[PDB]
>>> print(open('upload_2.pdb').read())   # PDB, C-alpha atoms
ATOM      1  CA  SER A   1       0.000   0.000   0.000
ATOM      2  CA  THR A   2       1.052   3.590  -0.530
ATOM      3  CA  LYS A   3       0.298   4.973   2.937
ATOM      4  CA  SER A   4       1.794   1.855   4.519
ATOM      5  CA  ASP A   5       5.006   2.363   2.561
ATOM      6  CA  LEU A   6       5.073   6.144   3.357
ATOM      7  CA  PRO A   7       6.813   5.737   6.764
ATOM      8  CA  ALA A   8       9.257   3.191   5.351
ATOM      9  CA  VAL A   9      10.290   5.267   2.318
ATOM     10  CA  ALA A  10      10.978   8.405   4.379
ATOM     11  CA  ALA A  11      13.043   6.777   7.117
ATOM     12  CA  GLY A  12      15.052  10.001   7.219
ATOM     13  CA  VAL A  13      14.060  13.666   6.788
ATOM     14  CA  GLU A  14      10.422  13.029   7.766
ATOM     15  CA  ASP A  15       9.216  14.464  11.119
ATOM     16  CA  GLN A  16      12.315  16.608  11.650
ATOM     17  CA  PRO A  17      11.565  19.977  13.343
ATOM     18  CA  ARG A  18      11.255  22.709  10.734
ATOM     19  CA  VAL A  19      13.209  25.971  10.600
ATOM     20  CA  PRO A  20      12.580  29.220   8.694
ATOM     21  CA  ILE A  21      14.703  29.549   5.564
ATOM     22  CA  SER A  22      15.153  33.009   4.059
ATOM     23  CA  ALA A  23      14.985  32.838   0.256
ATOM     24  CA  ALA A  24      13.066  34.571  -2.498
ATOM     25  CA  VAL A  25      10.332  32.574  -4.230
ATOM     26  CA  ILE A  26       7.902  33.189  -7.082
ATOM     27  CA  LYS A  27       4.497  31.846  -8.047
ATOM     28  CA  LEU A  28       4.069  30.586 -11.609
ATOM     29  CA  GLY A  29       0.658  29.206 -12.516
ATOM     30  CA  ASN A  30       0.004  26.736  -9.705
ATOM     31  CA  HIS A  31       3.640  26.235  -8.680
ATOM     32  CA  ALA A  32       5.601  27.987  -5.962
ATOM     33  CA  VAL A  33       9.179  27.988  -7.266
ATOM     34  CA  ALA A  34      12.320  29.071  -5.432
ATOM     35  CA  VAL A  35      14.788  31.441  -7.086
ATOM     36  CA  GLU A  36      18.467  31.970  -6.238
ATOM     37  CA  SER A  37      21.512  33.977  -7.295
ATOM     38  CA  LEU A  38      24.878  32.442  -6.480
ATOM     39  CA  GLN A  39      27.305  34.948  -7.970
ATOM     40  CA  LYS A  40      28.222  36.101  -4.467
ATOM     41  CA  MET A  41      29.469  32.661  -3.447
ATOM     42  CA  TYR A  42      31.900  32.430  -6.382
ATOM     43  CA  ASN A  43      33.061  36.038  -6.941
ATOM     44  CA  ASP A  44      34.268  36.418  -3.342
ATOM     45  CA  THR A  45      36.699  33.545  -3.870
ATOM     46  CA  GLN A  46      37.661  34.984  -7.303
ATOM     47  CA  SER A  47      36.613  31.807  -9.171
ATOM     48  CA  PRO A  48      34.701  31.864 -12.496
ATOM     49  CA  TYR A  49      30.974  31.401 -12.366
TER      50      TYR A  49
ATOM     51  CA  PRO B   1      38.291  32.554   1.194
ATOM     52  CA  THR B   2      38.608  29.815  -1.442
ATOM     53  CA  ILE B   3      36.729  26.788  -2.751
ATOM     54  CA  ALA B   4      37.850  23.191  -2.861
ATOM     55  CA  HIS B   5      37.179  21.573  -6.220
ATOM     56  CA  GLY B   6      37.532  17.926  -7.186
ATOM     57  CA  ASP B   7      39.562  18.936 -10.278
ATOM     58  CA  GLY B   8      43.264  18.034 -10.361
ATOM     59  CA  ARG B   9      44.365  21.673  -9.941
ATOM     60  CA  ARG B  10      46.501  22.675  -6.978
ATOM     61  CA  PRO B  11      44.671  24.131  -3.987
ATOM     62  CA  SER B  12      45.804  27.637  -3.147
ATOM     63  CA  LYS B  13      46.851  28.689   0.347
ATOM     64  CA  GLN B  14      45.174  31.193   2.656
ATOM     65  CA  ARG B  15      45.479  34.786   1.439
ATOM     66  CA  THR B  16      45.049  38.254   2.915
ATOM     67  CA  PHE B  17      45.180  41.714   1.368
ATOM     68  CA  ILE B  18      46.373  44.696   3.404
ATOM     69  CA  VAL B  19      45.256  48.034   1.983
ATOM     70  CA  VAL B  20      46.292  51.580   2.920
ATOM     71  CA  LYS B  21      44.021  54.592   2.399
ATOM     72  CA  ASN B  22      45.515  58.077   2.776
ATOM     73  CA  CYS B  23      44.082  61.432   3.879
ATOM     74  CA  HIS B  24      43.581  64.599   1.885
ATOM     75  CA  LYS B  25      43.888  68.010   3.534
ATOM     76  CA  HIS B  26      42.111  71.028   2.066
ATOM     77  CA  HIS B  27      42.675  74.704   2.769
ATOM     78  CA  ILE B  28      40.073  77.470   2.825
ATOM     79  CA  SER B  29      40.624  81.226   3.034
ATOM     80  CA  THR B  30      38.302  84.213   3.464
ATOM     81  CA  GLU B  31      39.023  87.935   3.808
ATOM     82  CA  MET B  32      37.410  90.791   5.747
ATOM     83  CA  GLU B  33      37.976  94.563   5.780
ATOM     84  CA  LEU B  34      37.479  96.965   8.691
ATOM     85  CA  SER B  35      37.644 100.756   8.600
ATOM     86  CA  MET B  36      39.908 102.690  10.973
ATOM     87  CA  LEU B  37      37.255 105.294  11.838
ATOM     88  CA  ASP B  38      34.898 102.365  12.459
ATOM     89  CA  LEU B  39      37.335 100.829  14.954
ATOM     90  CA  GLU B  40      37.836 104.268  16.537
ATOM     91  CA  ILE B  41      34.484 104.853  18.320
ATOM     92  CA  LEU B  42      34.117 101.199  19.411
ATOM     93  CA  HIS B  43      36.366 101.607  22.464
ATOM     94  CA  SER B  44      34.718 104.758  23.812
ATOM     95  CA  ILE B  45      31.152 104.788  25.160
ATOM     96  CA  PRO B  46      28.814 107.460  23.704
ATOM     97  CA  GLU B  47      27.405 110.383  25.710
ATOM     98  CA  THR B  48      25.466 112.472  23.154
ATOM     99  CA  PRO B  49      22.802 110.598  21.069
TER     100      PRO B  49
END
>>> encode(input="upload_2.pdb", output="structure tokens")
Amino acid sequence: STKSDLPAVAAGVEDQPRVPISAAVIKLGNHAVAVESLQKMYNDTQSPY
Amino acid sequence: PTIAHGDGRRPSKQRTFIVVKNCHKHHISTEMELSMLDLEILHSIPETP
């Protein structure tokens, strides 16, 4: 069964206490989609993007 | 800071930059004139109106 397998498949991350993540998101149609810019994390070290 | 990459390239050691910033001094001049007859009556106290 699906619901029977649902504990067994998520033997990990499931039921871990949640934290607030700061990140910009958008809404496109019916989908909430996260958006990121990572040029900071590669220009500070002077490595090409 | 730097990044570790799985690529065969040599890792680069820790690095610091030490930067010196220097002052600028600016000079400003103004001029005033005072009459001698003007400075004359300032010391004495008037008696007639």
>>> resolve_selection(input="upload_2.pdb", expression="the PyMOL selection byres ((chain B) within 10 of (chain A))", output="PyMOL selection string")
chain B and resi 1-3
>>> write_last_selection(input="upload_2.pdb", atoms="C-alpha atoms", output="JSON list (two decimals), keeping the file's coordinate frame")
[["chain", "number", "residue", "atom", "x", "y", "z"],
["B", 1, "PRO", "CA", 38.29, 32.55, 1.19],
["B", 2, "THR", "CA", 38.61, 29.82, -1.44],
["B", 3, "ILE", "CA", 36.73, 26.79, -2.75]]
>>> atom_distance(input="upload_2.pdb", atom1="CA of residue 17 in chain B", atom2="CA of residue 49 in chain A")
22.3 Å
>>> atom_distance(input="upload_2.pdb", atom1="CA of residue 1 in chain A", atom2="CA of residue 18 in chain A")
27.5 Å
>>> resolve_selection(input="upload_2.pdb", expression="the PyMOL selection byres ((chain A and resi 24) around 12)", output="list in words")
residues 21, 22, 23, 25, 26, 27, 32, 33, 34, 35, 36 and 37 of chain A
>>> write_last_selection(input="upload_2.pdb", atoms="C-alpha atoms", output="PDB file, keeping the file's coordinate frame")
ATOM      1  CA  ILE A  21      14.703  29.549   5.564  1.00  0.00           C
ATOM      2  CA  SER A  22      15.153  33.009   4.059  1.00  0.00           C
ATOM      3  CA  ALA A  23      14.985  32.838   0.256  1.00  0.00           C
ATOM      4  CA  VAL A  25      10.332  32.574  -4.230  1.00  0.00           C
ATOM      5  CA  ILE A  26       7.902  33.189  -7.082  1.00  0.00           C
ATOM      6  CA  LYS A  27       4.497  31.846  -8.047  1.00  0.00           C
ATOM      7  CA  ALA A  32       5.601  27.987  -5.962  1.00  0.00           C
ATOM      8  CA  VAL A  33       9.179  27.988  -7.266  1.00  0.00           C
ATOM      9  CA  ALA A  34      12.320  29.071  -5.432  1.00  0.00           C
ATOM     10  CA  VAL A  35      14.788  31.441  -7.086  1.00  0.00           C
ATOM     11  CA  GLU A  36      18.467  31.970  -6.238  1.00  0.00           C
ATOM     12  CA  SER A  37      21.512  33.977  -7.295  1.00  0.00           C
TER      13      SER A  37
END
>>> build_atoms(input="upload_2.pdb", residues="range 11-24 of chain A", atoms="N, CA and C atoms", output="PDB file, keeping the file's coordinate frame")
ATOM      1  N   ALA A  11      12.396   7.148   5.863  1.00  0.00           N
ATOM      2  CA  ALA A  11      13.043   6.777   7.117  1.00  0.00           C
ATOM      3  C   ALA A  11      13.999   7.850   7.625  1.00  0.00           C
ATOM      4  N   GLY A  12      14.098   8.963   6.908  1.00  0.00           N
ATOM      5  CA  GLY A  12      15.052  10.001   7.219  1.00  0.00           C
ATOM      6  C   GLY A  12      14.434  11.326   7.612  1.00  0.00           C
ATOM      7  N   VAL A  13      14.381  12.244   6.642  1.00  0.00           N
ATOM      8  CA  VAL A  13      14.060  13.666   6.788  1.00  0.00           C
ATOM      9  C   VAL A  13      12.689  13.896   7.430  1.00  0.00           C
ATOM     10  N   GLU A  14      11.809  12.901   7.338  1.00  0.00           N
ATOM     11  CA  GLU A  14      10.422  13.029   7.766  1.00  0.00           C
ATOM     12  C   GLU A  14      10.336  13.187   9.282  1.00  0.00           C
ATOM     13  N   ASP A  15       9.459  14.104   9.717  1.00  0.00           N
ATOM     14  CA  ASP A  15       9.216  14.464  11.119  1.00  0.00           C
ATOM     15  C   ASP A  15      10.444  15.073  11.796  1.00  0.00           C
ATOM     16  N   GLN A  16      11.258  15.808  11.043  1.00  0.00           N
ATOM     17  CA  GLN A  16      12.315  16.608  11.650  1.00  0.00           C
ATOM     18  C   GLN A  16      11.790  18.025  11.894  1.00  0.00           C
ATOM     19  N   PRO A  17      12.110  18.640  13.037  1.00  0.00           N
ATOM     20  CA  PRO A  17      11.565  19.977  13.343  1.00  0.00           C
ATOM     21  C   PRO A  17      12.022  21.067  12.377  1.00  0.00           C
ATOM     22  N   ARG A  18      11.042  21.795  11.847  1.00  0.00           N
ATOM     23  CA  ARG A  18      11.255  22.709  10.734  1.00  0.00           C
ATOM     24  C   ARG A  18      11.800  24.052  11.201  1.00  0.00           C
ATOM     25  N   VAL A  19      12.570  24.686  10.328  1.00  0.00           N
ATOM     26  CA  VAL A  19      13.209  25.971  10.600  1.00  0.00           C
ATOM     27  C   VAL A  19      12.823  26.930   9.484  1.00  0.00           C
ATOM     28  N   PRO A  20      12.830  28.245   9.762  1.00  0.00           N
ATOM     29  CA  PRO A  20      12.580  29.220   8.694  1.00  0.00           C
ATOM     30  C   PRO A  20      13.805  29.507   7.840  1.00  0.00           C
ATOM     31  N   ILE A  21      13.673  29.263   6.548  1.00  0.00           N
ATOM     32  CA  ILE A  21      14.703  29.549   5.564  1.00  0.00           C
ATOM     33  C   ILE A  21      14.354  30.850   4.862  1.00  0.00           C
ATOM     34  N   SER A  22      15.322  31.753   4.774  1.00  0.00           N
ATOM     35  CA  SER A  22      15.153  33.009   4.059  1.00  0.00           C
ATOM     36  C   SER A  22      15.628  32.831   2.623  1.00  0.00           C
ATOM     37  N   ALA A  23      14.698  32.947   1.678  1.00  0.00           N
ATOM     38  CA  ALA A  23      14.985  32.838   0.256  1.00  0.00           C
ATOM     39  C   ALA A  23      13.817  33.431  -0.507  1.00  0.00           C
ATOM     40  N   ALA A  24      14.115  34.022  -1.656  1.00  0.00           N
ATOM     41  CA  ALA A  24      13.066  34.571  -2.498  1.00  0.00           C
ATOM     42  C   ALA A  24      12.418  33.464  -3.312  1.00  0.00           C
TER      43      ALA A  24
END
